[PDB]
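Enquirer: Sharing a structure with you now.
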Amino acid sequence: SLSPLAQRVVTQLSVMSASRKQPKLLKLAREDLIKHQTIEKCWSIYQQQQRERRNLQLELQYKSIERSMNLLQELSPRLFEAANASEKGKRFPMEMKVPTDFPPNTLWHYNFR
Amino acid sequence: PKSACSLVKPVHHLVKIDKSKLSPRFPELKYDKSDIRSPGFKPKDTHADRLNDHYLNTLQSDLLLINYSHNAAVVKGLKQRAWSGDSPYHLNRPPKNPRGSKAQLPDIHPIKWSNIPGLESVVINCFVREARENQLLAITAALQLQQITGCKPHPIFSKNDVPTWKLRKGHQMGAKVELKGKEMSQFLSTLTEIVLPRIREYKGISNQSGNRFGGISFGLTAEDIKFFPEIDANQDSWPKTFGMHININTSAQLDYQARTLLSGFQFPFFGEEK
Amino acid sequence: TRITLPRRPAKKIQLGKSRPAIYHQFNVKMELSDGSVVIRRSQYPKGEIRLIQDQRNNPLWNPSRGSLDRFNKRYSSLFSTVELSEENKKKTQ
Amino acid sequence: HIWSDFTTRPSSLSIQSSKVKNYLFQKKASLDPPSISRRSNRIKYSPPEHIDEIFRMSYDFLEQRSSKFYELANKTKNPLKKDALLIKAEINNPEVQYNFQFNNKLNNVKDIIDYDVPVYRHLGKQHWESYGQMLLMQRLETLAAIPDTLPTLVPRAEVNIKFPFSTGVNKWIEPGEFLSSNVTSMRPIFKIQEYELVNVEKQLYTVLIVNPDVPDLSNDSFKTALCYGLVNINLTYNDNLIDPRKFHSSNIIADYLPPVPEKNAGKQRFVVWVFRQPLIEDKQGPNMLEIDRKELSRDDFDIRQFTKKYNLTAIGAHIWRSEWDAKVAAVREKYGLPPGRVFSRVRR
Amino acid sequence: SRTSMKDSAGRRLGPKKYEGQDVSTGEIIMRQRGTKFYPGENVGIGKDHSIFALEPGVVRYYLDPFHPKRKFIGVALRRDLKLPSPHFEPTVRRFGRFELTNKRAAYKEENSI
Amino acid sequence: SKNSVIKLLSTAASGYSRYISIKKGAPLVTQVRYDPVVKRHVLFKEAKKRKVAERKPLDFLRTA
RNA sequence: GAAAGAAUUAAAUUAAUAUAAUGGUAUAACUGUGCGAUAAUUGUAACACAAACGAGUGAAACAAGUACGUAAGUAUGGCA
RNA sequence: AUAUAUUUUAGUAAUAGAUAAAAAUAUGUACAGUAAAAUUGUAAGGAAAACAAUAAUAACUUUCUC
Ligand SMILES: [Mg+2]
Ligand SMILES: [Mg+2]
Ligand SMILES: [Mg+2]
Ligand SMILES: [Mg+2]
Ligand SMILES: [Mg+2]
Ligand SMILES: [Mg+2]
């Protein structure tokens with residue numbers, strides 16, 4: 001009927017498939033449904049607020065930068081030129097790592113190079 | 001059929017009739033997939049995404065600061081040129097195609113608080129070419145992909161036909177999977193930390209790699225996939241293993257911006273940039 | 001010639017009744033090369049893993065900061081740097 | 001805690017069921033849902049875990065937001081803005097959501113869903129837009145009741161009709177239904193549910209049922225026929241069922257003549273239109289209007305011309321459509337209308 | 001020798017009825033291969049994209065702003081009407097039947113169901 | 001001969017019958033059409049017998 | 001100022017159309033999908049186009065029944 | 001922890017989306033969508049396998065916010 005390789009392939013396929021592995025549908029009572037809706041809506045609102053806060057902050061930073069660069073242009077042309085360069089190949093430093101869940105054994109390195 | 005003449009009749013009102021809602025056929029389908037009452041419901045925002053949080057906090061501001069060019073105006077792309085009306089044959093003529101390209105190119109905007117570059121989507125294209133002989137290899141590749149991602153893969157089929165390579169048309173051959181949001185972020189984090197350091201002579205992603213507009217890519221060999229923790233934990237269960245292409249799609253206007261963004265997430269870049 | 005798994009009749013998923021594939025996933029703790037632990041959701045059943053070769057001990061990711069084993073074992077009395085200096089005349093090549 | 005206060009706020013914003021309210025607001029998931037009436041089913045049921053504390057937090061968050069909105073709402077002077085503020089404050093209230101979703105909107109009981117309350121009215125409007133309004137629009141366009149009678153419609157009020165007096169059965173007419181001559185023998189009952197903010201005391205309404213498809217053999221075409229005409233009707237958000245109780249004999253500009261389609265004349269559209277009166281400033285009370293009853297004719301009726309004359313704006317519509325059956329002759333006889341014509345089966 | 005001496009006849013595919021021309025129900029206004037002309041007001045279209053009159057009237061060729069880049073043939077019910085008819089005005093309809101003044105005929109018609 | 005002719009005989013036993021063409025090894029062709037003797041839609045079935053290209057009956061019950 | 005939606009504009013019929021070539025087709029006639037598998041049904045077909053006759057073509061309408069569609073309606077085989 | 005009995009599971013098989021230009025039901029109807037080429041890339045991959053990306057947002061509605 002089937003080889004051992006064929007069997008193993010079938011098993012692998014099954015791992016991915018939804019055939020006889022999935023539970024019943026999540027039914028709720030009307031009160032429960034409402035509670036869920038209120039949870040979700042509030043959360044969504046909170047997320048929107050956070051986005052606006054961050055977005056606003058970014059806008060403020062941009063405005064400050066603009067204000068700075070105009071001033072620099074007014075005062076010292078060479079300094080302005082130096083500031084406003086193409087940073088095409090700018091690379092973030094490899095020490096600035098993505099913050100983990102829990103910290104390492106040695107928290108901070110005081111010596112380098 | 002009395003005729004094939006298609007011709008949509010005009011209306012006498014501005015109300016937008018959603019025809020789906022007027023039926024009683026698919027009552028489960030009227031609910032959005034986000035809604036709890038739909039069978040299509042899935043808990044989306046299950047836990048705090050770490051890479052995304054990092055981007056929000058540290059990187060995004062830094063990226064904005066980098067990309068500020070003073071009084072930078074919009075750079076319009078190559079577009080379809082209109083004809084000068086110096087002849088009456090120009091009068092209903094289609095426009096001249098773009099200068100260099102056949103297809104139109106997008107406008108490059110200055111980076112401000114709104115349009116800072118960020119990760120949009122990852123796609124993991126695995127086309128196993130031995131599966132022209134063995135269909136079961138495609139299945140195994142799809143499983144591997146699923147294991148790696150925690151996301152449902154989609155089967156790739158042979159779209160073309162060719163004699164030199166023993167390839168038919170309409171044959172299942174490997175799989176793909178578009179990761180988005182938190183799963184994608186996790187996958188990137190795994191790539192940065194676990195897998196790519198275990199590759200021996202790994203210089204990084206090439207600086208000559210990428211789209212013209214905010215898309216960067218690279219690929220992993222069959223040797224490299226055994227470093228993924230889901231595959232590594234049962235090497236008996238994974239005798240064969242398949243390479244893959246990894247298309248990273250950013251919200252970057254240009255490719256150097258996208259490269260910079262990826263560097264922020266601890267991706268090394270080695271080659272001479274364009 | 002072409003090795004295949006021949007398809008059975010497909011099961012009709014009705015419109016609206018399609019359900020998203022929520023695979024079974026465990027919360028897995030990865031301790032990296034150093035003691036930094038990170039939680040990740042994973043399909044394989046293993047609550048804890050500790051990694052040997054990671055970005056946190058690779059030189060590319062931090063520039064600023066068992067045949068060999070067998071050999072070490074059975075040439076231990078000799079103690080095999082000074083040895084390198086002794087056996088490295090760079091005239092002949 | 002603004003949503004627990006009911007000093008200034010209406011009673012309708014609360015849930016009237018006590019058990020349901022208790023279930024909503026508890027400190028642990030101990031109680032079982034009042035919705036599940038059966039004991040065995042309650043036993044079987046298991047709500048999702050951790051739902052209570054999070055729900056409470058969400059309530060607090062949205063309650064705070066509502067309170068903040070109210071701080072603005074009371075300072076506001078102009079009425080539409082104030083209403084909008086009120087809506088914003090209370091729309092995310094769980095209790096009002098429960099009330100609206102799970103109790104009837106058509107024949108709303110005032111204590112549960114009060115359409116005098118702005119939030120509930122907004123909810124009702126949204127519900128109407130989701131399905132019933134779209135359906136009505138489709139039936140107007142497909143049947144060709146808009147351009148044939150009255151150019152366009154911008155649906156504002158939800159209009160539902162009924163024929164209670166003829167047969168006995170209770171049924172709200174779905175737009176574009178085929179009703180028997182027995183069903184539509186005696187007059188209908190309207191319900192004009194208004195969702196916009198409007199002056200309830202001043203605003204009058206007119207209702208016109210028009211039959212565009214009565215055949216005129218001189219013209220070799222059709223003509224309109226005003227089958228039923230009411231004017232100067234007073235609506236209120238909750239008190240809105242236009243019945244012989246409400247309107248007086250003075251309000252009837254053309255008293256109900258029934259659908260009596262001729263044999264082979266075809267299907268006849270009867271499309272009720274609901275207009276609101278023009279509102280005059282510097283005049284307290286409801287501004288009436290006089291109709292020249294000799295000028296307007298029933299056997300031929302320019303609806304558009306009439307509208308132009310009295311400066312009406314069509315807010316709502318509904319439509320049924322009658323064709324010939326055996327009982328139309330009986331209906332004619334009852335009303336004292338003539339025998340009724342019979343046309344050739346072929347449209348030659 | 002070998003000669004290419006073979007060809008089908010012409011398909012008579014002009015306009016069979018012209019602007020301002022009186023028509024009757026069923027009459028073919030256009031024969032064509034694909035919709036060069038689209039079926040306009042009071043006009044049908046056949047399997048071979050043949051425009052035919054649904055009613056007695058006046059054949060009119062026109063453009064409609066609702067369908068730009070499309071020519072139309074329709075049938076105006078009189079000569080007075082500009083056949084790209086006004087959109088929000090009511091549709092000019094033909095009753096097209098006659099009442100059975102004859103008593104017997106009327107009775108027969110009443111009987112028939 | 002690639003496409004053969006067959007006689008579909010009405011199931012409502014009027015005697016009415018309609019003829020259609022099929023491929024030589026096509027499945028048994030039953031169709032519901034109007035029977036004017038009975039004045040309704042009835043089943044029609046093949047009056048004669050003939051060989052058929054035997055397809056394997058696809059199994060929905062997961063075998064082995 | 002941001003997010004989402006509705007979309008609109010430009011371009012396109014160079015792909016695709018069971019099949020030649022031509023005309024038509026994104027308002028899709030092309031493609032996907034649910035139901036279905038019925039209209040690849042039954043009697044009368046006017047009136048046109050074409051046309052020596054024999055034939056050929058489009059087809060309103062009337063009547064019987066069927067399938068899909070919330071409805072409007074659409075289907076008397078296939079874009080021609 | 002172990003024995004018997006009575007059951008229950010394991011037949012492990014793909015579509016999870018009204019799927020949308022890989023292949024497959026070529027006639028009906030209902031709902032919905034848009035192709036192709038060329039270009040820039042990417043593990044074996046090379047002119048030729050697969051996947052990604054490549055025209056414009058003025059006005060409008062809703063949501064959050066200064
Ligand atoms: Mg020719
Ligand atoms: Mg075809
Ligand atoms: Mg062509
Ligand atoms: Mg002639
Ligand atoms: Mg002849
Ligand atoms: Mg077709």
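Ordered as shown in the structure tokens, chains take letters A, B, and onward, while each chain numbers its residues from 1 and ligands are numbered from 1 in the order shown.
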Find the residues near ligand 2. Use a cut-off of 9 Å, count only C-alpha atoms (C1' of nucleotides) and all ligand atoms, and write them as an NGL selection string.

Expert: (:G and (17-18 or 29 or 78-79)) or (:H and (26))

Enquirer: Show me which residues line ligand 6, defined as having an atom within 12 Å of a ligand atom where only C-alpha atoms (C1' of nucleotides) and all ligand atoms count, and present them as a ChimeraX atom specification.

Expert: /B:1-6 /E:47 /G:17-18,25,28-30,75,77-80 /H:26-29

Enquirer: Would you export the selected residues with C-alpha atoms (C1' of nucleotides) as a PDB file, in the first residue's frame, please?

Expert:
ATOM      1  CA  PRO B   1     -27.475  32.981 -23.587  1.00  0.00           C
ATOM      2  CA  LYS B   2     -29.224  35.565 -25.771  1.00  0.00           C
ATOM      3  CA  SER B   3     -26.136  37.806 -25.748  1.00  0.00           C
ATOM      4  CA  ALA B   4     -22.677  38.479 -24.326  1.00  0.00           C
ATOM      5  CA  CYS B   5     -23.069  42.294 -24.186  1.00  0.00           C
ATOM      6  CA  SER B   6     -21.947  43.493 -20.724  1.00  0.00           C
TER       7      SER B   6
ATOM      8  CA  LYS E  47     -26.513  36.201 -29.947  1.00  0.00           C
TER       9      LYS E  47
ATOM     10  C1'   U G  17     -11.236  34.100 -24.967  1.00  0.00           C
ATOM     11  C1'   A G  18     -12.164  25.398 -26.289  1.00  0.00           C
ATOM     12  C1'   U G  25     -14.570  42.131 -24.577  1.00  0.00           C
ATOM     13  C1'   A G  28     -15.334  42.664 -18.890  1.00  0.00           C
ATOM     14  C1'   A G  29     -17.620  38.538 -23.175  1.00  0.00           C
ATOM     15  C1'   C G  30     -11.391  37.220 -19.242  1.00  0.00           C
ATOM     16  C1'   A G  75     -31.014  31.235 -18.869  1.00  0.00           C
ATOM     17  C1'   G G  77     -26.188  25.805 -25.130  1.00  0.00           C
ATOM     18  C1'   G G  78     -20.894  28.084 -25.852  1.00  0.00           C
ATOM     19  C1'   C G  79     -18.328  36.679 -27.042  1.00  0.00           C
ATOM     20  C1'   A G  80     -19.466  36.361 -32.380  1.00  0.00           C
TER      21        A G  80
ATOM     22  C1'   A H  26     -15.793  24.296 -21.700  1.00  0.00           C
ATOM     23  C1'   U H  27     -23.451  24.794 -21.020  1.00  0.00           C
ATOM     24  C1'   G H  28     -27.077  28.018 -16.303  1.00  0.00           C
ATOM     25  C1'   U H  29     -27.213  31.514 -12.590  1.00  0.00           C
TER      26        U H  29
END

Enquirer: Which one is closest to chain B: D:99, D:311, D:149, D:40? Count only C-alpha atoms.

Expert: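 Of D:99, D:311, D:149, D:40, the one nearest chain B, counting only C-alpha atoms, is D:149.
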
Enquirer: Please check the contacts: residues of chain C at most 6 Å away from chain H, using only C-alpha atoms (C1' of nucleotides), listed as a PyMOL selection string.

Expert: chain C and resi 18-20

Enquirer: Identify all residues of segment 60-189 of chain B in helix (DSSP H, G or I) (DSSP on the backbone) and supply them as a VMD selection string.

Expert: chain B and resid 60 to 67 88 to 90 129 to 132 135 to 149 182 to 189

Enquirer: Just the selected residues (N, CA and C atoms), exported as a compact mmCIF listing (two decimals), in the first residue's frame, please.

Expert:
# COMPACT_ATOMS: atom_id res chain seq x y z
N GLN B 60 13.25 54.13 15.58
CA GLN B 60 12.43 54.96 14.69
C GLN B 60 12.85 56.43 14.70
N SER B 61 13.08 56.95 15.90
CA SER B 61 13.60 58.30 16.11
C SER B 61 14.98 58.49 15.47
N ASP B 62 15.85 57.50 15.67
CA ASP B 62 17.20 57.51 15.10
C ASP B 62 17.15 57.53 13.57
N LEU B 63 16.31 56.67 13.00
CA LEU B 63 16.08 56.60 11.55
C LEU B 63 15.60 57.92 10.96
N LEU B 64 14.63 58.53 11.63
CA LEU B 64 14.11 59.85 11.26
C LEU B 64 15.23 60.89 11.22
N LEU B 65 16.06 60.87 12.27
CA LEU B 65 17.19 61.79 12.42
C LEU B 65 18.21 61.62 11.29
N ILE B 66 18.50 60.36 10.98
CA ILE B 66 19.38 60.00 9.86
C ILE B 66 18.85 60.54 8.53
N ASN B 67 17.57 60.32 8.29
CA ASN B 67 16.96 60.56 6.98
C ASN B 67 16.56 62.01 6.73
N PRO B 88 -2.02 66.54 -35.49
CA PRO B 88 -3.38 66.11 -35.14
C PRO B 88 -3.52 64.61 -34.86
N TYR B 89 -2.46 63.84 -35.10
CA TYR B 89 -2.41 62.41 -34.76
C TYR B 89 -2.11 62.15 -33.28
N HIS B 90 -1.71 63.19 -32.55
CA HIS B 90 -1.48 63.09 -31.10
C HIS B 90 -2.79 63.13 -30.28
N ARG B 129 13.83 21.91 -6.30
CA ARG B 129 13.89 21.51 -7.71
C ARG B 129 14.00 20.00 -7.93
N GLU B 130 14.36 19.25 -6.89
CA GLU B 130 14.29 17.79 -6.92
C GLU B 130 12.83 17.29 -6.92
N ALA B 131 11.90 18.12 -6.46
CA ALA B 131 10.47 17.77 -6.47
C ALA B 131 9.81 17.65 -7.85
N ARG B 132 10.54 17.97 -8.92
CA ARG B 132 10.13 17.57 -10.28
C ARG B 132 10.09 16.04 -10.42
N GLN B 135 7.15 14.39 -5.57
CA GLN B 135 6.16 15.32 -4.99
C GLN B 135 6.22 15.41 -3.45
N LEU B 136 6.64 14.31 -2.82
CA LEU B 136 6.75 14.22 -1.35
C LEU B 136 7.77 15.20 -0.76
N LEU B 137 8.80 15.53 -1.55
CA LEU B 137 9.81 16.53 -1.19
C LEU B 137 9.23 17.93 -0.99
N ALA B 138 8.25 18.28 -1.82
CA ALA B 138 7.52 19.55 -1.69
C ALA B 138 6.79 19.65 -0.35
N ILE B 139 6.20 18.52 0.05
CA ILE B 139 5.44 18.41 1.30
C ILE B 139 6.36 18.60 2.50
N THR B 140 7.50 17.91 2.46
CA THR B 140 8.53 18.00 3.49
C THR B 140 9.06 19.43 3.65
N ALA B 141 9.29 20.09 2.51
CA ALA B 141 9.72 21.49 2.48
C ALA B 141 8.70 22.43 3.11
N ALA B 142 7.43 22.20 2.79
CA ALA B 142 6.32 22.96 3.36
C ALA B 142 6.24 22.79 4.88
N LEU B 143 6.38 21.55 5.34
CA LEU B 143 6.42 21.24 6.77
C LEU B 143 7.55 21.98 7.48
N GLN B 144 8.74 21.90 6.90
CA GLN B 144 9.92 22.59 7.40
C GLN B 144 9.65 24.08 7.58
N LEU B 145 9.10 24.69 6.53
CA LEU B 145 8.71 26.10 6.54
C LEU B 145 7.75 26.43 7.68
N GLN B 146 6.72 25.60 7.82
CA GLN B 146 5.74 25.73 8.90
C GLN B 146 6.40 25.68 10.27
N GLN B 147 7.29 24.70 10.44
CA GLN B 147 8.05 24.52 11.69
C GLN B 147 8.84 25.78 12.03
N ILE B 148 9.57 26.28 11.03
CA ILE B 148 10.40 27.47 11.17
C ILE B 148 9.58 28.70 11.58
N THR B 149 8.42 28.87 10.96
CA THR B 149 7.66 30.12 11.06
C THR B 149 6.64 30.09 12.19
N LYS B 182 3.72 39.96 14.12
CA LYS B 182 4.49 39.46 15.27
C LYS B 182 5.29 38.19 14.95
N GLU B 183 4.69 37.30 14.16
CA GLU B 183 5.35 36.06 13.72
C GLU B 183 6.58 36.35 12.87
N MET B 184 6.41 37.30 11.95
CA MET B 184 7.49 37.81 11.10
C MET B 184 8.64 38.37 11.93
N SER B 185 8.28 39.23 12.88
CA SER B 185 9.24 39.82 13.83
C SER B 185 10.04 38.76 14.58
N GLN B 186 9.33 37.75 15.09
CA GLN B 186 9.95 36.62 15.78
C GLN B 186 10.94 35.91 14.88
N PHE B 187 10.50 35.60 13.66
CA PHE B 187 11.34 34.96 12.64
C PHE B 187 12.61 35.75 12.35
N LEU B 188 12.48 37.07 12.25
CA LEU B 188 13.64 37.94 12.06
C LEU B 188 14.61 37.86 13.23
N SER B 189 14.06 37.95 14.44
CA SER B 189 14.83 37.84 15.69
C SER B 189 15.60 36.52 15.79

Enquirer: Would you list the contacts of residue 63 of chain D as a list in words, taking every protein, DNA or RNA residue within 9 Å and counting only C-alpha atoms (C1' of nucleotides), but skipping same-chain residues closer than 4 positions in sequence?

Expert: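 Near neighbours after the sequence-gap exclusion: residues 1, 2, 3, 58, 59, 67, 68, 89, 90, 92 and 93 of chain D.
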
Enquirer: Restrict the selected residues to C-alpha atoms and save them as a PDB file, in the first residue's frame.

Expert:
ATOM      1  CA  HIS D   1     -17.960  56.916  37.757  1.00  0.00           C
ATOM      2  CA  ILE D   2     -20.270  58.684  35.283  1.00  0.00           C
ATOM      3  CA  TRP D   3     -22.056  55.567  33.930  1.00  0.00           C
ATOM      4  CA  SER D  58     -11.905  48.339  29.976  1.00  0.00           C
ATOM      5  CA  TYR D  59     -15.086  49.671  31.592  1.00  0.00           C
ATOM      6  CA  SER D  67     -16.743  61.456  31.810  1.00  0.00           C
ATOM      7  CA  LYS D  68     -14.129  63.531  29.940  1.00  0.00           C
ATOM      8  CA  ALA D  89     -19.679  59.778  25.597  1.00  0.00           C
ATOM      9  CA  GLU D  90     -22.197  56.916  25.753  1.00  0.00           C
ATOM     10  CA  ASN D  92     -19.043  52.594  24.140  1.00  0.00           C
ATOM     11  CA  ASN D  93     -21.155  52.037  27.309  1.00  0.00           C
TER      12      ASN D  93
END

Enquirer: Using only C-alpha atoms (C1' of nucleotides), which protein or nucleic acid residues come within 12 Å of residue 39 of chain H? Drop anything in the same chain fewer than 4 positions from it, and give the result as a ChimeraX atom specification.

Expert: /B:98,100-105,211-212 /H:53-54

Enquirer: Would you save the residues of that selection, restricted to N, CA, C and O atoms (P, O5', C5', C4', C3', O3' and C1' of nucleotides), as a PDB file, in the first residue's frame?

Expert:
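Written file, again-v8.pdb:
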ATOM      1  N   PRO B  98       7.521  55.377 -20.204  1.00  0.00           N
ATOM      2  CA  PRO B  98       8.598  56.110 -19.520  1.00  0.00           C
ATOM      3  C   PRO B  98       9.951  56.094 -20.232  1.00  0.00           C
ATOM      4  O   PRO B  98      10.172  55.287 -21.139  1.00  0.00           O
ATOM      5  N   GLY B 100      13.578  55.517 -19.517  1.00  0.00           N
ATOM      6  CA  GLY B 100      14.364  54.284 -19.520  1.00  0.00           C
ATOM      7  C   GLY B 100      13.496  53.038 -19.485  1.00  0.00           C
ATOM      8  O   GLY B 100      13.645  52.143 -20.320  1.00  0.00           O
ATOM      9  N   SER B 101      12.581  52.996 -18.520  1.00  0.00           N
ATOM     10  CA  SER B 101      11.764  51.812 -18.245  1.00  0.00           C
ATOM     11  C   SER B 101      10.531  51.703 -19.144  1.00  0.00           C
ATOM     12  O   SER B 101      10.103  52.683 -19.755  1.00  0.00           O
ATOM     13  N   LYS B 102       9.978  50.492 -19.210  1.00  0.00           N
ATOM     14  CA  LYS B 102       8.671  50.242 -19.836  1.00  0.00           C
ATOM     15  C   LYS B 102       7.532  50.490 -18.850  1.00  0.00           C
ATOM     16  O   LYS B 102       6.472  50.988 -19.237  1.00  0.00           O
ATOM     17  N   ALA B 103       7.752  50.124 -17.587  1.00  0.00           N
ATOM     18  CA  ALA B 103       6.794  50.373 -16.508  1.00  0.00           C
ATOM     19  C   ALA B 103       7.125  51.670 -15.772  1.00  0.00           C
ATOM     20  O   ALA B 103       8.290  52.068 -15.689  1.00  0.00           O
ATOM     21  N   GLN B 104       6.091  52.316 -15.238  1.00  0.00           N
ATOM     22  CA  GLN B 104       6.240  53.564 -14.484  1.00  0.00           C
ATOM     23  C   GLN B 104       6.869  53.294 -13.121  1.00  0.00           C
ATOM     24  O   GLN B 104       6.636  52.237 -12.527  1.00  0.00           O
ATOM     25  N   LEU B 105       7.658  54.253 -12.635  1.00  0.00           N
ATOM     26  CA  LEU B 105       8.318  54.155 -11.329  1.00  0.00           C
ATOM     27  C   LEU B 105       7.724  55.162 -10.343  1.00  0.00           C
ATOM     28  O   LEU B 105       7.256  56.224 -10.757  1.00  0.00           O
ATOM     29  N   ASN B 211      15.664  45.420  -4.065  1.00  0.00           N
ATOM     30  CA  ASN B 211      14.848  46.108  -5.054  1.00  0.00           C
ATOM     31  C   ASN B 211      15.414  47.511  -5.218  1.00  0.00           C
ATOM     32  O   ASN B 211      16.336  47.912  -4.498  1.00  0.00           O
ATOM     33  N   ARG B 212      14.848  48.267  -6.148  1.00  0.00           N
ATOM     34  CA  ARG B 212      15.157  49.694  -6.257  1.00  0.00           C
ATOM     35  C   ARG B 212      14.413  50.458  -5.150  1.00  0.00           C
ATOM     36  O   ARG B 212      14.875  51.514  -4.713  1.00  0.00           O
TER      37      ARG B 212
ATOM     38  P     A H  53       5.038  41.892  -2.734  1.00  0.00           P
ATOM     39  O5'   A H  53       5.564  43.164  -3.533  1.00  0.00           O
ATOM     40  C5'   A H  53       6.193  44.240  -2.818  1.00  0.00           C
ATOM     41  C4'   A H  53       7.311  44.856  -3.624  1.00  0.00           C
ATOM     42  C3'   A H  53       6.898  45.747  -4.786  1.00  0.00           C
ATOM     43  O3'   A H  53       6.406  46.995  -4.305  1.00  0.00           O
ATOM     44  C1'   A H  53       8.738  44.401  -5.419  1.00  0.00           C
ATOM     45  P     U H  54       5.047  47.618  -4.888  1.00  0.00           P
ATOM     46  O5'   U H  54       5.538  48.378  -6.199  1.00  0.00           O
ATOM     47  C5'   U H  54       6.608  49.341  -6.141  1.00  0.00           C
ATOM     48  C4'   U H  54       7.092  49.692  -7.528  1.00  0.00           C
ATOM     49  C3'   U H  54       6.030  49.842  -8.605  1.00  0.00           C
ATOM     50  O3'   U H  54       5.354  51.092  -8.537  1.00  0.00           O
ATOM     51  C1'   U H  54       7.844  48.584  -9.452  1.00  0.00           C
TER      52        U H  54
END

Enquirer: With distances taken over only C-alpha atoms, which of D:230, D:15, D:87, D:135 is nearest to chain B?

Expert: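 Between D:230, D:15, D:87, D:135, the residue approaching chain B most closely is D:135.
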
Enquirer: For ligand 3, list the contacting residues at 9 Å or closer, counting only C-alpha atoms (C1' of nucleotides) and all ligand atoms, as a list in words.

Expert: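 Every residue with an atom at most 9 Å from ligand 3 is listed here: residues 13, 17, 22, 23 and 24 of chain G.
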
Enquirer: Within 7 Å of ligand 1, counting only C-alpha atoms (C1' of nucleotides) and all ligand atoms, which protein or nucleic acid residues do you find, written as a list in words?

Expert: residues 8, 9, 10 and 11 of chain E

Enquirer: Only N, CA and C atoms, please: the residues just picked out, written as a tab-separated table (two decimals), in the first residue's frame.

Expert:
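Now in out22.tsv:
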chain	number	residue	atom	x	y	z
E	8	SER	N	-14.46	33.03	-48.31
E	8	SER	CA	-15.87	33.14	-47.95
E	8	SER	C	-16.45	34.42	-48.54
E	9	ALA	N	-17.78	34.45	-48.66
E	9	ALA	CA	-18.49	35.65	-49.10
E	9	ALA	C	-18.48	36.70	-48.00
E	10	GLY	N	-18.90	37.91	-48.37
E	10	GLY	CA	-19.06	38.99	-47.41
E	10	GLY	C	-20.26	38.74	-46.52
E	11	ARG	N	-20.09	38.92	-45.22
E	11	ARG	CA	-21.21	38.91	-44.28
E	11	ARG	C	-21.82	40.30	-44.35

Enquirer: What residues in chain E have any atom no more than 9 Å from chain D when counting only C-alpha atoms, and can you write them as a ChimeraX atom specification?

Expert: /E:87-101,105-107,109-110

Enquirer: Please list as a compact mmCIF listing (two decimals) with N, CA and C atoms, in the first residue's frame every residue within 12 Å of residue 72 of chain D, counting only C-alpha atoms (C1' of nucleotides) and excluding residues in the same chain fewer than 5 positions away.

Expert:
# COMPACT_ATOMS: atom_id res chain seq x y z
N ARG D 65 -13.25 58.05 29.81
CA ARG D 65 -13.39 58.72 28.51
C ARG D 65 -14.75 59.42 28.38
N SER D 66 -15.81 58.70 28.75
CA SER D 66 -17.18 59.23 28.74
C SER D 66 -17.31 60.46 29.63
N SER D 67 -16.77 60.35 30.84
CA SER D 67 -16.74 61.46 31.81
C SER D 67 -16.04 62.69 31.25
N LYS D 77 -22.99 74.71 23.36
CA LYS D 77 -24.26 75.43 23.25
C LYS D 77 -25.10 74.96 22.06
N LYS D 81 -23.89 69.63 17.82
CA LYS D 81 -22.57 69.39 18.39
C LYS D 81 -22.71 68.70 19.74
N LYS D 82 -23.61 69.24 20.57
CA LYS D 82 -23.92 68.68 21.88
C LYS D 82 -24.36 67.22 21.78
N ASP D 83 -25.30 66.97 20.87
CA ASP D 83 -25.78 65.61 20.58
C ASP D 83 -24.65 64.66 20.19
N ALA D 84 -23.77 65.13 19.30
CA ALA D 84 -22.60 64.37 18.87
C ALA D 84 -21.67 64.02 20.03
N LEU D 85 -21.45 65.01 20.90
CA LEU D 85 -20.67 64.82 22.14
C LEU D 85 -21.29 63.76 23.05
N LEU D 86 -22.60 63.87 23.25
CA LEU D 86 -23.37 62.89 24.03
C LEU D 86 -23.23 61.47 23.48
N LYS D 88 -20.76 60.31 21.53
CA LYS D 88 -19.37 59.94 21.81
C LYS D 88 -19.16 59.44 23.23
N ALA D 89 -19.76 60.14 24.19
CA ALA D 89 -19.68 59.78 25.60
C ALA D 89 -20.24 58.38 25.87

Enquirer: Compile the residues of chain F that lie within 10 Å of chain G, evaluated using only C-alpha atoms (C1' of nucleotides), and express the compilation as a PyMOL selection string.

Expert: chain F and resi 20+31-37+39-42
